[PDB]
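Following: one structure in structure tokens, then a few remarks.
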Amino acid sequence: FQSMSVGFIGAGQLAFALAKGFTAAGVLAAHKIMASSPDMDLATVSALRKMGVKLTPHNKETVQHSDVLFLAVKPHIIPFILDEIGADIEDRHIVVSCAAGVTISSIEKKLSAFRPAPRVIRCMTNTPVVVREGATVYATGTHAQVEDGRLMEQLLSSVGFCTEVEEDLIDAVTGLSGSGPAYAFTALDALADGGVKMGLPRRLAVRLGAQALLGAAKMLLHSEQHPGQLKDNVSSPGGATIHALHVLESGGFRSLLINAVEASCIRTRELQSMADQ
Amino acid sequence: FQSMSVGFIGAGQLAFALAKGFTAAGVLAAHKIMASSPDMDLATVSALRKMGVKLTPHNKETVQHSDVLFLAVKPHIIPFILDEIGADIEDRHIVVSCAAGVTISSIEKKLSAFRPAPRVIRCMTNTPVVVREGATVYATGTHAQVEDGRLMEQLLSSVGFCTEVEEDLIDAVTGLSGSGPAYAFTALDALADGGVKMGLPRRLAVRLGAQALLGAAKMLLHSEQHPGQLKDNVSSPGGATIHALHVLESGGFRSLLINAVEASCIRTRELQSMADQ
Amino acid sequence: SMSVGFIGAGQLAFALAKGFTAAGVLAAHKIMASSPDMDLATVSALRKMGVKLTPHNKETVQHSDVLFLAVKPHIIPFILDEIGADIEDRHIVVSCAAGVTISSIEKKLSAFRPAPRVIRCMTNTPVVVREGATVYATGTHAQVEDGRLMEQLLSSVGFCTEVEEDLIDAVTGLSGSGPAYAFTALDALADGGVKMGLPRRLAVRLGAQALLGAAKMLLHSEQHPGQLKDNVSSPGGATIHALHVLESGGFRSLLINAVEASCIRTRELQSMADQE
Amino acid sequence: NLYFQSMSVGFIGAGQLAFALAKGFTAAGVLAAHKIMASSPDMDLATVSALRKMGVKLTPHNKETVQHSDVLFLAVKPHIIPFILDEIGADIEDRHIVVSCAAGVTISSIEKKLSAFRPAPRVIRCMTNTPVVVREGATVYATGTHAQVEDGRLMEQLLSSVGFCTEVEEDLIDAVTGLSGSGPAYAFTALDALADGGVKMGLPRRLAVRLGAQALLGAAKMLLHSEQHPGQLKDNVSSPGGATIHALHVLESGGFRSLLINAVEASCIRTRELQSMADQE
Ligand SMILES: NC(=O)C1=CN([C@@H]2O[C@H](COP(=O)(O)OP(=O)(O)OC[C@H]3O[C@@H](n4cnc5c(N)ncnc54)[C@H](O)[C@@H]3O)[C@@H](O)[C@H]2O)C=CC1
Ligand SMILES: NC(=O)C1=CN([C@@H]2O[C@H](COP(=O)(O)OP(=O)(O)OC[C@H]3O[C@@H](n4cnc5c(N)ncnc54)[C@H](O)[C@@H]3O)[C@@H](O)[C@H]2O)C=CC1
Ligand SMILES: NC(=O)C1=CN([C@@H]2O[C@H](COP(=O)(O)OP(=O)(O)OC[C@H]3O[C@@H](n4cnc5c(N)ncnc54)[C@H](O)[C@@H]3O)[C@@H](O)[C@H]2O)C=CC1
Ligand SMILES: NC(=O)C1=CN([C@@H]2O[C@H](COP(=O)(O)OP(=O)(O)OC[C@H]3O[C@@H](n4cnc5c(N)ncnc54)[C@H](O)[C@@H]3O)[C@@H](O)[C@H]2O)C=CC1
Ligand SMILES: O=C(O)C1(C(=O)O)CCC1
Ligand SMILES: O=C(O)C1(C(=O)O)CCC1
Ligand SMILES: O=C(O)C1(C(=O)O)CCC1
Ligand SMILES: O=C(O)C1(C(=O)O)CCC1
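Protein chains in written order, with the deposited numbering: chain E, -2 to 274; chain E', -2 to 274; chain A, 0 to 275; chain B, -5 to 275. A prime marks a further copy of an entry chain.
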């Protein structure tokens, strides 16, 4: 909606990325966004203010400003925040938890102590929403209305891919697209190191490697063909590419990426088990 | 230019990718493009014809049609093609070799036997030009005019990144952005396998992993910050991402990507040494 | 009506003769095979089939219309010296030897008669069950009809296609050596079944049937082997867990290593032969 | 000349395995496609479209599949089996043979669910694989408490029309899952890598795929038709000092054999682990 007001409890990296994406998309004017942090001297806080976002140290003011309320504090702080603002949740509120691991059940339990039927949505997104190319999934809670999920999807589709999932997939999504950008940043640093080793200036190597990864990812998104088929399509017999693919295989490249998704997913599950405990 | 006619000797994967990119960009109408192959029954040939590209089995007709002439046959076939069409090169022609490894010197030597001052440009591009997100470098030959390089850059910038380089960087670029898409396809297959292992449907895992890589690459292209800093920015203390980055490091992930760039570059150098020999 | 000869009466002569006779393209007694050692198990098996056996390579040549060279590669030049004067204009000489070039064969035979009809092939032992994988390249003087005849004959015992000669050493590393990679894999898969509680006989049968069915699936599908693997592997399931442990050992790289090592050894041996 | 003229077959679940089995049965000529019904809550699946083109009858309602069928294949994911049994348990009649295809799921668990509605359900548990689609599957089955002797013979007749089929004790089926259930995926991985090897050494990709697949097919057929040990068949390929023995050495140096043992073990153990989780629920 044009009248919709959005708030962020937690004015850090993710609040900045989403606010920048939303305002770049034009789906929200910056003045319709309020964010709160217990430290008005942060870099993200100053960046948000320059964009035109309203800032406050008082989470209650963010709640009173907002229709859609994003929880963008660290997961261990979620229970603290819900106890602080629980009595301020109203019927109009859609509470959107961005925290890794934290279950809809745990959120609904804390909030229902103050007012029955909190409308809760859980999402897992990632930092590339800042360039409107995020990957977002969401699950709807017990009292979320049908239009609540559609509203969520409309908003988050403005900054990237967005689809509804069952909540029990979100920890695995965290391991894949939540942590995914960090795998790519690591890969791009190393690819640039390889370019530099073979004689390219570092700035050109970074640009070429990032462009290669962006273009390849877009090709796969626009293709019906299997990634293995696209692999087959880009390796000439006896050529340079198939020689490089062999050295990746000899190091177990594929297994390392499987290891990574698994380790991030398992850590996410472990953190939440400690929270519930 | 609007009057410019473009030809491809070799109507295979790369000719299709460039022709699709050029026509999607609107910089060339398909009817201004001619491509030739000794087998009019190929899949790429049929795809090119549906787009509106002119096709012929006779390389001489492609030469007579064209102002800009792309050589898109395999590197070992370049010398054969130059001997076949050498007497047909005219003053108006810009000969653009896309072949990995093949030097401007070797091309100019073959063509100068027929007519002095062939205008030659060497490029290294990649398949994502098909979605207008290629990575292209080019080097200008002895008799290339100044406007020849600018024309080249204008044309190839319509389908992705394009910059001029010294020719002695092109074999390293091949190892990085030429082979790069294949590294990404391999990585995306493995990331999807990881998503599937942790419980995601395969189609969703492929979509999320590709979107993660696309978004991360775009973030780096739009950032002044170091990829290591972006890595630092997306890993919370004690969190899922830093746990996954550790298992990548324990397998030497970075070294495998360095190995790959090196192996592709070295194979490219080795193939050309065999050609010159 | 075709008379076929094998110089060499070993494993490949036996496999091809068994395949050809099971296909009904040749009567066993229209095949003649020669070896200097008639006390071999392969010779005893050829004899039981009804194949004609002789110690004299000249007799095999004079009997034959199509002449297969089925001796070890380092024996090929000795054979060509021995019976080169006996090659007639009617002969089609089919070298099965790994690595040995058409050029090397034609150089020897052309010193006797000027236009020897030479075909080079690379096949494999599953011709014995009519599921071989065969490629061939035609020599300088081989007629178009010679290639067509070769393809009809070798298609009776499996897949067969013409290739450029410069691919044959790589084919050797893939489908020539391939059956041995498969036998090794099947032994290990059976060991895995036995470790998890299956009787050996059942584990061997199930593993071999799994491999046969999967290979036939791929041959009958237009889909990529990665997509076929996706149709097996359910999210969180048993197969994707097993695929991970294969990946962690670099399973794919070992098979690439194998094809490469077989191809390179083939090229290296021929390099030695050309030097000598 | 086999044909079950009085047999109606149903599939609960219209996914990969339902398609593969229906394609194999119809290609074998033992069943007409219109005597097969399959149900699924998602009628926009590619597998559903393929079944429709074969002539298979399709419905969203599992009760209709039950009422149509004599032999009822359960072809849903293992964690969905208990929900299915609660849904159509009251619809099971004396005539039904319930054939569970689900990995891990025990006859005991199926019989307990169905027995709450009607005593003596006839249950058979099987483990098959996708190559039934080309009639070269590998299938094992175990008969349940109330299955008649004719039930097992009938199912062996049906499943033998699409590949190898043999009766086993149920305690072997999780290990079979790790070997021939997951087996085709090991083969697809191996064939992709073998083709990568052929391409590295200069072969066109299409030829490399064809040759590698044919090599694996022929070798598997050789072993199935031979009385000799796989090591002896390997000895007939490898000449002294030759190309093959050089390649086998590099496989050995990487522990190739151990990886395939690891795979069978990992798939079997995961199958057991998943069922232990189901029993705890
Ligand atoms: N950055 C990422 O890559 C993604 C982050 N997330 C989730 O988003 C949440 C935050 O992520 P980041 O923004 O990276 O953390 P961050 O640490 O950059 O920002 C956290 C913010 O919370 C503020 N804060 C701390 N205590 C507070 C309180 N009592 N009341 C209000 N604000 C308070 C801090 O001052 C800081 O501004 C976490 O739950 C994380 O799981 C999920 C997807 C990806
Ligand atoms: N595909 C890629 O990833 C990239 C390819 N390249 C270069 O582009 C060139 C071709 O690449 P692909 O298109 O992938 O090869 P491709 O094999 O798909 O197409 C090659 C084309 O050449 C044709 N051809 C063969 N002999 C010919 C002749 N005598 N006259 C005319 N056409 C003939 C073939 O019929 C085929 O259509 C190579 O030199 C390669 O190094 C460079 C950058 C990346
Ligand atoms: N066994 C296989 O898997 C395949 C073999 N080949 C090729 O087939 C040829 C033979 O291979 P195998 O049959 O495996 O070897 P093998 O050693 O089983 O048979 C070789 C035969 O040549 C005979 N021989 C030795 N000196 C002779 C002479 N002077 N005149 C006539 N015969 C003589 C030996 O007695 C022996 O019977 C080799 O060149 C090999 O590269 C190619 C494809 C597959
Ligand atoms: N795919 C394989 O390689 C093999 C699979 N199996 C077993 O076969 C069963 C199915 O395997 P796939 O067909 O590969 O799964 P799949 O996921 O392709 O098909 C599953 C089907 O179940 C349907 N479904 C979900 N809930 C349902 C409900 N309440 N009522 C009816 N249908 C419902 C889905 O829509 C889908 O059509 C699993 O239990 C698996 O263990 C066993 C051997 C091999
Ligand atoms: O030569 C080629 O086309 C390349 C290959 O190795 O596939 C693409 C970059 C080198
Ligand atoms: O909790 C977080 O913010 C994540 C991290 O591990 O950095 C990003 C995805 C999990
Ligand atoms: O349950 C299944 O479908 C299997 C899997 O791993 O997905 C195939 C054999 C086990
Ligand atoms: O020469 C031979 O017989 C071969 C070997 O490795 O021995 C089989 C394919 C090469």
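Think of the CB as a built atom: it goes at the ideal place given N, C-alpha and C, for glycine as much as any other residue.
- Task: Tell me, please, whether the CB atom of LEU242 of chain E is closer than 8 Å to any CB atom in chain B?
- Result: Start at 1 with the first residue of the first sequence, and residue 242 of chain E comes out as number 245. Yes, its Cβ sits closer than 8 Å to a Cβ of chain B.
- Query: So which residues of chain E does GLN226 of chain A contact, with C-beta pairs closer than 7 Å?
  - Reply: Start at 1 with the first residue of the third sequence, and residue 226 of chain A comes out as number 227. Those within 7 Å of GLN226 of chain A in chain E are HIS223.
- Message: Could you check if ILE78 of chain B belongs to the surroundings of ligand 4, using beta carbon to heavy atom distance under 7 Å?
- Response: What you label residue 78 of chain B is simply residue 84 of the fourth sequence in a count that begins at 1. The answer is yes for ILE78 of chain B.
- Item | Contact shell at 5 Å, judged by CB to any heavy atom of ligand 8, ordered along the chain | A:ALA97, A:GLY175, B:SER233, B:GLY236, B:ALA237 and B:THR238
- Whose C-beta lies closer than 6 Å to the C-beta of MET1 of chain E' among residues of the same chain, with five residues either side of it excluded? Start at 1 with the first residue of the second sequence, and residue 1 of chain E' comes out as number 4. So the list reads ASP64, once near-sequence residues are dropped.
- Message: Measuring alpha carbon to alpha carbon, tell me which residue in E':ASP168, E':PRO178 and E':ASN56 is nearest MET195 of chain E.
- Response: Reading the first sequence from its first residue, position 198 is the one you call residue 195 of chain E. Ranked by Cα distance from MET195 of chain E, the first of E':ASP168, E':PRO178 and E':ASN56 is E':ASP168.
- Query: Within the present structure, is the beta-carbon of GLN269 of chain A separated from the nearest heavy atom of ligand 2 by less than 7 Å?
  - Reply: In the third sequence, counting from the first residue as 1, residue 269 of chain A sits at position 270. No - ligand 2 has no heavy atom lying nearer than 7 Å to the Cβ of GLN269 of chain A.
- Identify the continuous alpha helix (DSSP H) that holds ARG199 of chain A and give its terminal residues. By 1-based counting over the third sequence, the position of residue 199 of chain A is 200. Here the alpha helix (DSSP H) through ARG199 of chain A covers 199 to 219.
- If you run the structure through DSSP and keep just helix, strand and coil, what is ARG119 of chain B? Translated into positions along the fourth sequence, residue 119 of chain B becomes position 125. Three-state DSSP puts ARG119 of chain B in a strand.
- Item | Ranges of the alpha helix (DSSP H) found wholly within the segment 79 to 145 of chain E, counting only runs of at least 4 | List check, alpha helix (DSSP H) in window: 101 to 109.
- Message: For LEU227 of chain E, which residues in the same chain have their Cβ closer than 7 Å to its Cβ, ignoring the five residues on either side in sequence?
- Response: Within the first sequence, the letter at position 230 stands for residue 227 of chain E. Cβ neighbours of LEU227 of chain E beyond the five flanking positions: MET216, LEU217 and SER220.
- What are the residues of the segment 80 to 92 of chain B that lie near chain A, defined by any Cβ-Cβ distance shorter than 9 Å? none
- Residues of the segment 159 to 185 of chain B with Cβ closer than 8 Å to any Cβ of chain A, in chain order: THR160, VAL162, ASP165, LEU166, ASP168, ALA169, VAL170, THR171, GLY172, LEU173, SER174, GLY175, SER176, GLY177, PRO178, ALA179, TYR180, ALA181, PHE182, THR183, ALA184 and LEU185
- State the Cα-Cα distance for the pair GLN274 of chain E' and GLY172 of chain A, rounded to the nearest angstrom. In the second sequence, residue 274 of chain E' corresponds to position 277, counting from 1. In the third sequence, residue 172 of chain A corresponds to position 173, counting from 1. Between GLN274 of chain E' and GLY172 of chain A, the C-alpha separation is close to 26 Å.
- Task: Could you have a look at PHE250 of chain B and say whether DSSP puts it in helix, strand or coil?
- Result: As a working mapping, residue 250 of chain B is identified with position 256 in the fourth sequence. Note: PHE250 of chain B maps to helix in three-state DSSP.
- Query: Is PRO35 of chain E' near ligand 2, going by C-beta to nearest heavy atom under 7 Å?
  - Reply: Taking the second sequence and counting its residues from 1, the one referred to as residue 35 of chain E' is at position 38. Checking the Cβ of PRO35 of chain E' against ligand 2 gives yes.
- Query: By Cβ distance below 6 Å, which residues in the same chain neighbour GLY206 of chain E in space, the five residues on each side in sequence not counted?
  - Reply: For the purposes of this step, residue 206 of chain E is taken as the residue at position 209 of the first sequence. Excluding sequence neighbours, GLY206 of chain E sits near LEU185, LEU188 and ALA189.
- Message: Short of 7 Å in beta carbon distance, which residues of its chain neighbour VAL126 of chain A, apart from the five on each side in sequence? Order them along the chain.
- Response: Locating residue 126 of chain A in the third sequence gives position 127, counting from the first residue. Closer than 7 Å at the Cβ level, and outside the excluded window around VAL126 of chain A, lie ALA14, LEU15, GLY18, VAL156 and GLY157.
- Look at the Cβ atom of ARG116 of chain B, then the Cβ atom of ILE91 of chain B, and state whether they are nearer than 8 Å. As a first step, residue 116 of chain B is located in the fourth sequence; it is residue number 122 there, counting from the start. As a first step, residue 91 of chain B is located in the fourth sequence; it is residue number 97 there, counting from the start. Their beta carbons are under 8 Å apart, which means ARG116 of chain B touches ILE91 of chain B by this criterion.
- Query: Quick one, are the C-beta atoms of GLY4 of chain E and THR41 of chain E less than 8 Å apart?
  - Reply: As a working note, residue 4 of chain E is residue 7 in the first sequence. As a working note, residue 41 of chain E is residue 44 in the first sequence. No, Cβ-Cβ distance for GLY4 of chain E and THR41 of chain E is not below 8 Å.
- Between which two residues does the beta strand (DSSP E) containing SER33 of chain B stretch? Position 39 of the fourth sequence holds residue 33 of chain B. Its beta strand (DSSP E) spans residues 30 to 33.
- Is the Cβ-Cβ distance between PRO178 of chain A and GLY212 of chain B less than 8 Å? What you label residue 178 of chain A is simply residue 179 of the third sequence in a count that begins at 1. What you label residue 212 of chain B is simply residue 218 of the fourth sequence in a count that begins at 1. In this structure, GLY212 of chain B lies closer than 8 Å to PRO178 of chain A by Cβ.
- Using a C-beta cutoff of 8 Å, does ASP229 of chain A count as contacting chain E'? In the third sequence, residue 229 of chain A corresponds to position 230, counting from 1. Closer than 8 Å: yes.
- Query: Does the pairing of the segment 244 to 260 of chain E' with the segment 143 to 156 of chain E' give three or more beta-carbon distances under 8 Å?
  - Reply: no
- Task: Note the first and the last residue of the continuous alpha helix (DSSP H) segment covering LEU11 of chain E'.
- Result: Within the second sequence, numbered from 1, the residue matching residue 11 of chain E' stands at position 14. 10 to 22 is the extent of the alpha helix (DSSP H) around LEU11 of chain E'.
- chain B partners of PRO125 of chain A, CB-CB under 7 Å? As a position in the third sequence, residue 125 of chain A is number 126, starting the count at 1. Listed along chain B are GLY212, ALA213, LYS215 and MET216, each with a C-beta nearer than 7 Å to that of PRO125 of chain A.
- Query: If you count every other CB in all the chains shown that lies within 10 Å of the CB of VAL70 of chain E', and 16 or more means buried, which is it?
  - Reply: As a position in the second sequence, residue 70 of chain E' is number 73, starting the count at 1. Residue environment for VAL70 of chain E': buried (at least 16 other C-beta atoms within 10 angstroms of its C-beta).
- Whose Cβ in chain E' lies nearer than 9 Å to the Cβ of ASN256 of chain E? The residue labelled residue 256 of chain E in the question sits at position 259 within the first sequence. The answer, in chain order, is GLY191, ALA241, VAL244, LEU245, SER247 and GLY248.
- How about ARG199 of chain B: is its C-beta nearer than 8 Å to some C-beta of chain E? Start at 1 with the first residue of the fourth sequence, and residue 199 of chain B comes out as number 205. Chain E contact via Cβ: present.
- For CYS159 of chain A, which residues of its own chain have a beta-carbon under 6 Å away from its beta-carbon, when the five flanking residues on both sides are left out? In the third sequence, counting from the first residue as 1, residue 159 of chain A sits at position 160. Within the same chain, and ignoring the five residues on either side of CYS159 of chain A in sequence, the residues whose Cβ sits closer than 6 Å to its Cβ are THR133, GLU150 and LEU153.
- Indicate whether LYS57 of chain E and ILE82 of chain E have their beta-carbon atoms separated by less than 8 Å. Counting from 1 along the first sequence, the entry for residue 57 of chain E is found at position 60. Counting from 1 along the first sequence, the entry for residue 82 of chain E is found at position 85. Closer than 8 Å, so yes.
- Message: So if DSSP puts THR160 of chain B in a beta bridge, which residue, or which two residues, is it bridged to?
- Response: The residue given as residue 160 of chain B occupies position 166 in the fourth sequence. Paired residue(s): B:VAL134.
- Presumed contact (8 Å Cβ cut-off) between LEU210 of chain A and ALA181 of chain B, rounded CB distance: In the third sequence, counting from the first residue as 1, residue 210 of chain A sits at position 211. In the fourth sequence, counting from the first residue as 1, residue 181 of chain B sits at position 187. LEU210 of chain A to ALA181 of chain B, Cβ: 5 Å. Contact.
- What's the C-alpha gap between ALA136 of chain A and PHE250 of chain B? Taking the third sequence and counting its residues from 1, one reaches residue 136 of chain A at position 137. Taking the fourth sequence and counting its residues from 1, one reaches residue 250 of chain B at position 256. Between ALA136 of chain A and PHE250 of chain B, the C-alpha separation is close to 33 Å.
- Task: Tell me, please, whether the CB atom of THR41 of chain E is closer than 8 Å to any CB atom in chain E'?
- Result: Here residue 41 of chain E refers to the residue found at position 44 when the first sequence is read from its first residue. It does not: the Cβ of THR41 of chain E has no partner Cβ on chain E' nearer than 8 Å.
- Nearest chain B C-beta to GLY9 of chain E closer than 8 Å, yes or no? As a working note, residue 9 of chain E is residue 12 in the first sequence. With 8 Å as the cut-off, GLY9 of chain E does not count as an interface residue toward chain B.
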